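Listing of start.cif; format and content: mmCIF, N, CA and C atoms and all ligand atoms.
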data_final
loop_
_atom_site.label_atom_id
_atom_site.label_comp_id
_atom_site.auth_asym_id
_atom_site.auth_seq_id
_atom_site.Cartn_x
_atom_site.Cartn_y
_atom_site.Cartn_z
N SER S 1 20.71 17.89 -18.11
CA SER S 1 21.72 16.87 -18.55
C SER S 1 21.11 15.54 -19.02
N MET S 2 21.96 14.78 -19.71
CA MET S 2 21.64 13.46 -20.20
C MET S 2 21.48 12.46 -19.03
N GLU S 3 22.31 12.64 -17.98
CA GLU S 3 22.24 11.82 -16.76
C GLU S 3 20.84 11.84 -16.11
N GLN S 4 20.32 13.05 -15.85
CA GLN S 4 19.00 13.26 -15.19
C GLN S 4 17.85 12.60 -15.96
N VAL S 5 17.97 12.58 -17.29
CA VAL S 5 17.00 11.92 -18.20
C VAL S 5 16.97 10.38 -18.08
N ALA S 6 18.15 9.75 -18.02
CA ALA S 6 18.27 8.29 -17.82
C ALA S 6 17.74 7.87 -16.43
N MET S 7 18.04 8.68 -15.41
CA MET S 7 17.40 8.60 -14.07
C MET S 7 15.86 8.71 -14.13
N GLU S 8 15.38 9.70 -14.89
CA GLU S 8 13.96 9.89 -15.18
C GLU S 8 13.35 8.75 -16.01
N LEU S 9 14.13 8.15 -16.92
CA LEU S 9 13.73 6.91 -17.61
C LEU S 9 13.55 5.72 -16.63
N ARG S 10 14.47 5.60 -15.65
CA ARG S 10 14.44 4.57 -14.58
C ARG S 10 13.27 4.82 -13.58
N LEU S 11 13.19 6.00 -12.98
CA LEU S 11 12.01 6.33 -12.17
C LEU S 11 10.68 5.99 -12.86
N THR S 12 10.61 6.29 -14.15
CA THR S 12 9.42 6.04 -14.94
C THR S 12 9.20 4.55 -15.11
N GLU S 13 10.29 3.79 -15.22
CA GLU S 13 10.17 2.33 -15.27
C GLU S 13 9.78 1.77 -13.90
N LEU S 14 10.32 2.37 -12.86
CA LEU S 14 10.01 1.98 -11.49
C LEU S 14 8.53 2.26 -11.21
N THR S 15 8.07 3.44 -11.63
CA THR S 15 6.66 3.78 -11.58
C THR S 15 5.80 2.80 -12.36
N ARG S 16 6.25 2.36 -13.53
CA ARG S 16 5.54 1.34 -14.31
C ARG S 16 5.49 -0.01 -13.57
N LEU S 17 6.60 -0.41 -12.93
CA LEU S 17 6.62 -1.67 -12.17
C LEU S 17 5.70 -1.57 -10.94
N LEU S 18 5.82 -0.47 -10.20
CA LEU S 18 5.01 -0.28 -9.00
C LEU S 18 3.50 -0.19 -9.29
N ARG S 19 3.11 0.39 -10.43
CA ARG S 19 1.68 0.42 -10.84
C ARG S 19 1.07 -0.96 -10.95
N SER S 20 1.81 -1.88 -11.57
CA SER S 20 1.35 -3.27 -11.79
C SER S 20 1.27 -3.99 -10.44
N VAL S 21 2.33 -3.85 -9.64
CA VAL S 21 2.37 -4.33 -8.26
C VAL S 21 1.15 -3.83 -7.46
N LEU S 22 0.82 -2.55 -7.60
CA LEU S 22 -0.30 -1.96 -6.86
C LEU S 22 -1.63 -2.58 -7.24
N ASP S 23 -1.79 -2.79 -8.55
CA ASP S 23 -3.03 -3.37 -9.11
C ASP S 23 -3.20 -4.78 -8.60
N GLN S 24 -2.11 -5.54 -8.53
CA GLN S 24 -2.11 -6.91 -7.99
C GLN S 24 -2.41 -6.97 -6.48
N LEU S 25 -1.89 -6.01 -5.73
CA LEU S 25 -2.19 -5.93 -4.27
C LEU S 25 -3.68 -5.60 -4.03
N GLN S 26 -4.17 -4.62 -4.77
CA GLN S 26 -5.55 -4.20 -4.66
C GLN S 26 -6.54 -5.30 -5.09
N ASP S 27 -6.20 -6.14 -6.07
CA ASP S 27 -7.02 -7.33 -6.43
C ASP S 27 -7.20 -8.32 -5.28
N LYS S 28 -6.30 -8.28 -4.30
CA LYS S 28 -6.47 -9.06 -3.08
C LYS S 28 -7.41 -8.48 -2.06
N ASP S 29 -8.03 -7.33 -2.38
CA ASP S 29 -9.06 -6.69 -1.52
C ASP S 29 -10.33 -6.49 -2.39
N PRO S 30 -11.03 -7.60 -2.72
CA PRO S 30 -12.20 -7.50 -3.61
C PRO S 30 -13.36 -6.78 -2.95
N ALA S 31 -13.39 -6.81 -1.62
CA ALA S 31 -14.38 -6.05 -0.84
C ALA S 31 -14.09 -4.56 -0.78
N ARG S 32 -12.89 -4.13 -1.21
CA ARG S 32 -12.54 -2.69 -1.29
C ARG S 32 -12.62 -1.98 0.08
N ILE S 33 -12.29 -2.76 1.12
CA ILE S 33 -12.16 -2.26 2.47
C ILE S 33 -11.00 -1.22 2.57
N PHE S 34 -9.94 -1.42 1.81
CA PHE S 34 -8.75 -0.53 1.86
C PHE S 34 -8.58 0.49 0.69
N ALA S 35 -9.58 0.56 -0.18
CA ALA S 35 -9.59 1.36 -1.42
C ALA S 35 -9.44 2.84 -1.19
N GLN S 36 -10.08 3.32 -0.12
CA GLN S 36 -10.23 4.75 0.12
C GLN S 36 -9.85 5.05 1.55
N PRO S 37 -9.47 6.31 1.85
CA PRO S 37 -9.12 6.65 3.21
C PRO S 37 -10.29 6.46 4.17
N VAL S 38 -10.00 6.09 5.43
CA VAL S 38 -11.04 6.03 6.49
C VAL S 38 -11.67 7.44 6.56
N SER S 39 -12.98 7.51 6.39
CA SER S 39 -13.74 8.75 6.49
C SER S 39 -13.72 9.39 7.90
N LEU S 40 -13.34 10.67 7.94
CA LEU S 40 -13.24 11.44 9.17
C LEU S 40 -14.58 12.00 9.58
N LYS S 41 -15.52 12.15 8.64
CA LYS S 41 -16.92 12.42 9.02
C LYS S 41 -17.51 11.18 9.68
N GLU S 42 -17.17 9.98 9.18
CA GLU S 42 -17.75 8.72 9.74
C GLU S 42 -16.99 8.12 10.94
N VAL S 43 -15.68 8.39 11.05
CA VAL S 43 -14.89 7.99 12.22
C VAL S 43 -14.12 9.22 12.67
N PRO S 44 -14.82 10.15 13.38
CA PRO S 44 -14.20 11.44 13.78
C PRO S 44 -12.99 11.33 14.69
N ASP S 45 -12.90 10.27 15.49
CA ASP S 45 -11.77 10.13 16.42
C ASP S 45 -10.57 9.39 15.81
N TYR S 46 -10.61 9.10 14.49
CA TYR S 46 -9.69 8.15 13.91
C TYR S 46 -8.23 8.55 14.16
N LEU S 47 -7.95 9.84 13.98
CA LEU S 47 -6.59 10.37 14.12
C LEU S 47 -6.07 10.36 15.55
N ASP S 48 -6.96 10.29 16.53
CA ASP S 48 -6.54 10.00 17.89
C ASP S 48 -5.98 8.56 18.01
N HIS S 49 -6.35 7.65 17.08
CA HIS S 49 -5.91 6.26 17.09
C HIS S 49 -4.76 5.99 16.11
N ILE S 50 -4.86 6.56 14.93
CA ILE S 50 -3.97 6.23 13.87
C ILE S 50 -3.32 7.55 13.40
N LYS S 51 -2.02 7.67 13.59
CA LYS S 51 -1.29 8.89 13.23
C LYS S 51 -0.87 8.99 11.78
N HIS S 52 -0.71 7.86 11.10
CA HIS S 52 -0.38 7.88 9.65
C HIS S 52 -1.38 6.99 8.84
N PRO S 53 -2.56 7.56 8.54
CA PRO S 53 -3.54 6.84 7.73
C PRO S 53 -2.98 6.54 6.37
N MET S 54 -3.38 5.40 5.82
CA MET S 54 -2.99 5.00 4.50
C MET S 54 -4.10 4.14 3.88
N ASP S 55 -4.15 4.19 2.54
CA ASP S 55 -5.11 3.48 1.69
C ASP S 55 -4.55 3.35 0.24
N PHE S 56 -5.21 2.52 -0.56
CA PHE S 56 -4.84 2.34 -1.95
C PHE S 56 -4.98 3.56 -2.88
N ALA S 57 -6.02 4.37 -2.73
CA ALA S 57 -6.15 5.57 -3.57
C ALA S 57 -5.06 6.61 -3.23
N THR S 58 -4.68 6.69 -1.96
CA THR S 58 -3.68 7.67 -1.53
C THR S 58 -2.33 7.20 -2.03
N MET S 59 -2.10 5.89 -2.05
CA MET S 59 -0.88 5.32 -2.62
C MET S 59 -0.75 5.54 -4.13
N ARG S 60 -1.87 5.35 -4.82
CA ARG S 60 -2.04 5.66 -6.22
C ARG S 60 -1.70 7.12 -6.57
N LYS S 61 -2.30 8.11 -5.92
CA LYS S 61 -1.91 9.52 -6.17
C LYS S 61 -0.38 9.68 -6.03
N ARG S 62 0.18 9.18 -4.93
CA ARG S 62 1.64 9.27 -4.77
C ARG S 62 2.41 8.60 -5.94
N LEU S 63 1.97 7.40 -6.31
CA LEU S 63 2.53 6.67 -7.42
C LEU S 63 2.52 7.46 -8.75
N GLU S 64 1.37 7.96 -9.18
CA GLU S 64 1.29 8.65 -10.47
C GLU S 64 2.04 10.01 -10.49
N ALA S 65 2.28 10.57 -9.31
CA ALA S 65 3.20 11.69 -9.11
C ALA S 65 4.68 11.26 -8.95
N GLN S 66 5.01 10.03 -9.36
CA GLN S 66 6.37 9.49 -9.24
C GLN S 66 7.01 9.84 -7.91
N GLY S 67 6.24 9.66 -6.83
CA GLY S 67 6.68 9.99 -5.47
C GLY S 67 7.30 8.85 -4.66
N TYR S 68 7.36 7.65 -5.22
CA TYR S 68 8.08 6.54 -4.55
C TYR S 68 9.46 6.42 -5.19
N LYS S 69 10.51 6.67 -4.41
CA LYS S 69 11.90 6.57 -4.90
C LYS S 69 12.39 5.13 -5.05
N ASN S 70 11.80 4.20 -4.28
CA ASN S 70 12.20 2.78 -4.31
C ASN S 70 11.06 1.88 -3.79
N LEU S 71 11.15 0.58 -4.04
CA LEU S 71 10.24 -0.39 -3.47
C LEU S 71 10.06 -0.29 -1.95
N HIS S 72 11.13 -0.14 -1.17
CA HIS S 72 10.99 0.01 0.31
C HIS S 72 9.93 1.05 0.78
N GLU S 73 9.93 2.24 0.18
CA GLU S 73 8.93 3.29 0.48
C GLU S 73 7.49 2.87 0.13
N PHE S 74 7.37 2.14 -0.98
CA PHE S 74 6.11 1.58 -1.43
C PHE S 74 5.59 0.56 -0.41
N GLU S 75 6.44 -0.38 -0.02
CA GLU S 75 6.16 -1.39 1.00
C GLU S 75 5.75 -0.80 2.34
N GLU S 76 6.44 0.26 2.76
CA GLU S 76 6.09 0.94 4.00
C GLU S 76 4.63 1.40 3.98
N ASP S 77 4.21 2.01 2.88
CA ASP S 77 2.82 2.46 2.74
C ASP S 77 1.80 1.31 2.76
N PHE S 78 2.15 0.20 2.13
CA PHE S 78 1.28 -0.98 2.13
C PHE S 78 1.13 -1.61 3.52
N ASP S 79 2.25 -1.79 4.15
CA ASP S 79 2.30 -2.15 5.53
C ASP S 79 1.51 -1.22 6.47
N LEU S 80 1.47 0.09 6.22
CA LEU S 80 0.64 0.99 7.05
C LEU S 80 -0.82 0.65 6.91
N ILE S 81 -1.25 0.37 5.68
CA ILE S 81 -2.64 0.03 5.42
C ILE S 81 -3.00 -1.13 6.36
N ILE S 82 -2.11 -2.14 6.44
CA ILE S 82 -2.39 -3.38 7.17
C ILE S 82 -2.32 -3.17 8.68
N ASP S 83 -1.26 -2.48 9.12
CA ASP S 83 -1.02 -2.34 10.52
C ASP S 83 -2.04 -1.41 11.15
N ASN S 84 -2.42 -0.34 10.45
CA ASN S 84 -3.44 0.56 10.98
C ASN S 84 -4.73 -0.20 11.28
N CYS S 85 -5.14 -1.01 10.31
CA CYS S 85 -6.36 -1.79 10.39
C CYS S 85 -6.32 -2.79 11.55
N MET S 86 -5.19 -3.47 11.71
CA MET S 86 -5.00 -4.39 12.82
C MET S 86 -4.93 -3.75 14.23
N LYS S 87 -4.57 -2.47 14.33
CA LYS S 87 -4.67 -1.78 15.60
C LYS S 87 -6.08 -1.25 15.87
N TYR S 88 -6.68 -0.61 14.89
CA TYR S 88 -7.94 0.10 15.07
C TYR S 88 -9.08 -0.87 15.26
N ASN S 89 -9.04 -2.01 14.57
CA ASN S 89 -10.14 -2.97 14.64
C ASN S 89 -9.78 -4.20 15.46
N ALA S 90 -10.74 -4.72 16.20
CA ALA S 90 -10.51 -5.94 16.97
C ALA S 90 -10.40 -7.16 16.07
N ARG S 91 -9.83 -8.19 16.66
CA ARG S 91 -9.48 -9.45 16.00
C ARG S 91 -10.69 -10.18 15.40
N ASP S 92 -11.84 -10.11 16.06
CA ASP S 92 -13.06 -10.79 15.54
C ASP S 92 -13.92 -9.93 14.57
N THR S 93 -13.31 -9.04 13.79
CA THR S 93 -14.05 -8.17 12.85
C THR S 93 -13.64 -8.52 11.44
N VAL S 94 -14.58 -8.28 10.52
CA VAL S 94 -14.31 -8.42 9.09
C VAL S 94 -13.11 -7.56 8.57
N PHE S 95 -12.94 -6.38 9.16
CA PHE S 95 -11.83 -5.50 8.83
C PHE S 95 -10.47 -6.10 9.15
N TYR S 96 -10.27 -6.50 10.41
CA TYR S 96 -9.01 -7.11 10.85
C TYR S 96 -8.71 -8.31 9.97
N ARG S 97 -9.73 -9.16 9.78
CA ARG S 97 -9.58 -10.37 9.01
C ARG S 97 -9.24 -10.10 7.55
N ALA S 98 -9.79 -9.05 6.98
CA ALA S 98 -9.46 -8.69 5.61
C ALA S 98 -8.00 -8.24 5.46
N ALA S 99 -7.44 -7.62 6.50
CA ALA S 99 -6.05 -7.19 6.48
C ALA S 99 -5.10 -8.37 6.58
N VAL S 100 -5.43 -9.35 7.42
CA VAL S 100 -4.60 -10.56 7.56
C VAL S 100 -4.48 -11.22 6.18
N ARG S 101 -5.62 -11.36 5.52
CA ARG S 101 -5.69 -11.98 4.18
C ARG S 101 -4.89 -11.18 3.15
N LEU S 102 -5.02 -9.85 3.18
CA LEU S 102 -4.26 -8.98 2.27
C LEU S 102 -2.77 -9.09 2.48
N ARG S 103 -2.37 -9.13 3.75
CA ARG S 103 -0.99 -9.33 4.13
C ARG S 103 -0.45 -10.63 3.53
N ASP S 104 -1.11 -11.74 3.86
CA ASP S 104 -0.63 -13.07 3.46
C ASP S 104 -0.54 -13.25 1.93
N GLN S 105 -1.60 -12.82 1.23
CA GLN S 105 -1.67 -12.81 -0.23
C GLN S 105 -0.76 -11.75 -0.90
N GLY S 106 -0.51 -10.63 -0.23
CA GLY S 106 0.38 -9.60 -0.76
C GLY S 106 1.85 -10.03 -0.71
N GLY S 107 2.21 -10.81 0.32
CA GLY S 107 3.58 -11.35 0.51
C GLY S 107 4.21 -12.01 -0.70
N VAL S 108 3.39 -12.76 -1.43
CA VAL S 108 3.78 -13.45 -2.67
C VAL S 108 4.14 -12.43 -3.77
N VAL S 109 3.33 -11.38 -3.89
CA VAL S 109 3.52 -10.37 -4.92
C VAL S 109 4.75 -9.51 -4.61
N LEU S 110 4.95 -9.21 -3.33
CA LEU S 110 6.09 -8.41 -2.86
C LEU S 110 7.41 -9.18 -2.90
N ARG S 111 7.33 -10.47 -2.65
CA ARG S 111 8.42 -11.40 -2.90
C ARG S 111 8.99 -11.30 -4.34
N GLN S 112 8.12 -11.33 -5.35
CA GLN S 112 8.60 -11.34 -6.73
C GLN S 112 8.99 -9.93 -7.21
N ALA S 113 8.26 -8.93 -6.71
CA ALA S 113 8.60 -7.54 -6.97
C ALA S 113 10.02 -7.19 -6.50
N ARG S 114 10.44 -7.70 -5.34
CA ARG S 114 11.79 -7.43 -4.85
C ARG S 114 12.85 -7.98 -5.83
N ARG S 115 12.65 -9.22 -6.26
CA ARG S 115 13.54 -9.88 -7.20
C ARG S 115 13.56 -9.11 -8.55
N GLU S 116 12.39 -8.67 -9.03
CA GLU S 116 12.26 -7.91 -10.30
C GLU S 116 12.95 -6.53 -10.31
N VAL S 117 12.85 -5.81 -9.20
CA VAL S 117 13.53 -4.53 -9.00
C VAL S 117 15.06 -4.62 -8.96
N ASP S 118 15.58 -5.57 -8.18
CA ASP S 118 17.03 -5.92 -8.13
C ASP S 118 17.52 -6.37 -9.50
N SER S 119 16.84 -7.39 -10.04
CA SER S 119 17.18 -8.01 -11.33
C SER S 119 17.33 -6.97 -12.46
N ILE S 120 16.34 -6.07 -12.59
CA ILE S 120 16.31 -5.01 -13.63
C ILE S 120 16.78 -3.61 -13.19
N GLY S 121 17.27 -3.45 -11.95
CA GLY S 121 17.75 -2.15 -11.45
C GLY S 121 16.63 -1.13 -11.30
NA NA A 1 -6.60 -3.18 18.64
#
Rewritten as structure tokens:
Amino acid sequence: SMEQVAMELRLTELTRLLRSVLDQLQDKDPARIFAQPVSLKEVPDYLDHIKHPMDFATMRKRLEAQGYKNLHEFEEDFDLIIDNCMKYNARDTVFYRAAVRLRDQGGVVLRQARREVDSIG
């Protein structure tokens, strides 16, 4: 139907908006601490600590497969990246500190993304 196509036009626009948002979030991690999943060869016990691992490349695969239905689902994944890091790593580590910074700097981008999604449907 014609309906499903206009929906597919919107999802595709949502995917286009979320891609730009993603690139802006990832620019706030110049050290690329969150770029890739935590290695299970290098941290074998990780899943005993963190039940839902998340990273920017894993978010990207989901994104290009048009797997985010709305901004809220996208935000949940970004928040996992941050919260996982803040549980697994202690407060006096470069990792924890990089997540605090990503959170604070990401807030501005997510603020405007919310307005842009509502504004343009
Ligand atoms: Na902790």
Selection within 9 Å of ligand NA 1 (chain A) by only C-alpha atoms and all ligand atoms, output as a ChimeraX atom specification: /S:85-91
Write down as an MDAnalysis selection string the residues belonging to chain S that are assigned helix (DSSP H, G or I) by DSSP computed on the backbone. chainID S and resid 2:26 46:49 56:64 71:88 94:120
Computed interatomic separation between CA of residue 27 (chain S) and atom N of residue 41 (chain S) (Å): 26.1 Å
Expressed in Å to a single decimal, how great is the separation between atom C of residue 72 (chain S) and CA of residue 40 (chain S)?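 Here the two named atoms are 26.7 Å from each other.
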Just how far from CA of residue 25 (chain S) is atom N of residue 108 (chain S), in Å to one decimal?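 Going from atom N of residue 108 (chain S) over to CA of residue 25 (chain S), I get 9.3 Å.
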Using only N, CA and C atoms: which of S:77, S:102, S:121, S:15 has the shortest distance to residue 29 (chain S):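 Of S:77, S:102, S:121, S:15, the one nearest residue 29 (chain S) is S:102, counting only N, CA and C atoms.
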Distance criterion (only C-alpha atoms): nearest to residue 79 (chain S) out of S:42, S:107, S:6, S:37: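 Ranked by minimum distance to residue 79 (chain S), first place goes to S:107.
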Within-12 Å shell of (13.4, -4.4, -13.8) in input frame, only C-alpha atoms, as a PyMOL selection string: chain S and resi 9-18+70-71+112-121
Counting all atoms listed in the file, find the residues whose atoms lie at most 8 Å from (-5.7, 3.7, -5.1) (file coordinates) and write them out as a count of residues only. 12
Have a look at S:80, S:109, S:2, S:99 and name the one nearest to residue 52 (chain S); count only C-alpha atoms. S:80
Distance criterion (only C-alpha atoms): nearest to residue 100 (chain S) out of S:50, S:73, S:64, S:28: S:28
